[PDB]
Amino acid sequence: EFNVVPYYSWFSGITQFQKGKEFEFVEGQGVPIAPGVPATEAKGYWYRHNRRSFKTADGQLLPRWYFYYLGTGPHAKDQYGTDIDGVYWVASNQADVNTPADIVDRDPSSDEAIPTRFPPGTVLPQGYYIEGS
């Protein structure tokens, strides 16, 4: 949950479930599939949402990453590929990362989040669960 309204991702999140596992994708992979969007627009970044749980007297919330097309979201102004903590840049080999993706953000009650899926051959990061799968 967010107590400051977040920028909404077009896709479901990827949740870390095993600590110590790195969130990564092979270069050229990692952009979720949106029906009808050209491969040239497949460029953006996954943004880490650190979650914190409240102390109980029992015993854990691991981060959840959300995808934003290049030029949108919390790091809309950053340069593709720049080393920034909590930002993992990804792009199809058809994408030109000097230009923002031609994509408008999601919402209102106008669109639900697209369940995150990747093309056949995509190497999935071990230790992460794709929400909606």
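We call the rigid core whatever largest set of C-alpha positions still superposes within 1.5 Å between the two forms. One-based numbering along the sequence shown.
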**Core-aligned Cα RMS comparison in 6 other deposited structures of this protein - stretch that moves more, 80-88 or 101-109** = 101-109
**Message:** Our gap detector needs a label for residue 35 to residue 36. Which class matches the unmodelled residues of the deposited sequence there: none, 1 to 3, 4 to 9, or 10 or more?
**Reply:** none
**Asked** Do the CA atoms of 20-28 or those of 119-127 have the higher mean B-factor in the entry?
**Response** 20-28
**Request:** Decide which of the stretches 103-111 and 66-74 has the higher mean C-alpha B-factor, going by the entry.
**Result:** 103-111
**Fill in**
Comparing C-alpha B-factors across 39, 87, 90, 57 in this entry, the winner is 57
